[PDB]
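Have a look below at one chain only, the form deposited in one PDB entry, in structure tokens format.
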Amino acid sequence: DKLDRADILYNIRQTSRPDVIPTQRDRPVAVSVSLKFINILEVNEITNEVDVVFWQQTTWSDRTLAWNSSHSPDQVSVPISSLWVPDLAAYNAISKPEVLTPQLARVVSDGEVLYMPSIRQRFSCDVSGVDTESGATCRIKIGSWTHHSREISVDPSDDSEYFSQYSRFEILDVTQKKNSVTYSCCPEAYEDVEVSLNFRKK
């Protein structure tokens, strides 16, 4: 139903505060992050650099966006410029994230938001072992760039489902674990997810 959709969008834009974190109660916003690797385009064992493509499945809640969907759309697509989005960054990225897909999020009637862009990006990590049976394991650390743990908490197979069958590489395993970083710059602590990409030449 189109008018319903347009009304939901209007509602979302009236209540959405894109530059403000949506803390519910005084708890931090829980953001779920899962990288789905699609391809591995270039590897350099010499420089320890990696060029990759992945779907960054990112979800969280803003209960204030919720509506009653008994007689209306459960979900709509929304431009992320209308929404708050976690300021995630990869601490070992050496190129800026090149978003390859339309910048739309899904908002579910319960206030859940799913943003899943396809990103091409290059990293500085441990490429040693590529041409080995065991293969290399390359570790990507992703976290909020400016919100510490009291403001944002970050939580998280072989990706047979998504990985290209045409890549000069294959994935042996991927694991994602929660992890904390604290830096000389800032007293408050930051949460990251450590994504371990275990892969080898095909």
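One rule holds for the numbers: they count along the sequence shown, beginning at 1. Definition used throughout: the rigid core is the maximal C-alpha set that superposes within 1.5 Å between two forms. Only residues modelled in both forms are compared.
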Give yes or no for this: do at least a third of the other compared entries, each modelling residues before and after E42, lack coordinates for it?
no
Quick one: across the other PDB entries of this protein we compared, is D155 left without coordinates in at least a third of them?
no
Deposited residues missing from the model between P156 and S157 number 4 to 9
As the entry reports it, the stretch among 56-64 and 131-139 with higher mean C-alpha B factor is 131-139
Quick note on 33-41 and 157-165: per-entry mean CA temperature factor is higher in 157-165
Sorting the chain's modelled residues by C-alpha B-factor and splitting them into thirds places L9 in the lowest
Chain thirds of CA B-factor: placement of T146
lowest
What third of the chain, by the recorded C-alpha B-factor, contains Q24?
lowest
Is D51 in the lowest, middle or highest third of its chain when residues are ranked by C-alpha B-factor?
lowest
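Heads up, the form deposited in another entry isn't pictured, but that's what we're talking about next.
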Is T23 among the residues whose Cα moves by 2 Å or more between this form and the one not shown after superposition of the rigid core?
no
One pair moves by 3 angstroms or more in the other form: the C-alpha atoms of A93 and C185, which are farther
Could you list, in sequence order, the stretches of three or more consecutive residues moving 2 angstroms or more at Cα between this form and the one not shown on a rigid core superposition?
180-190
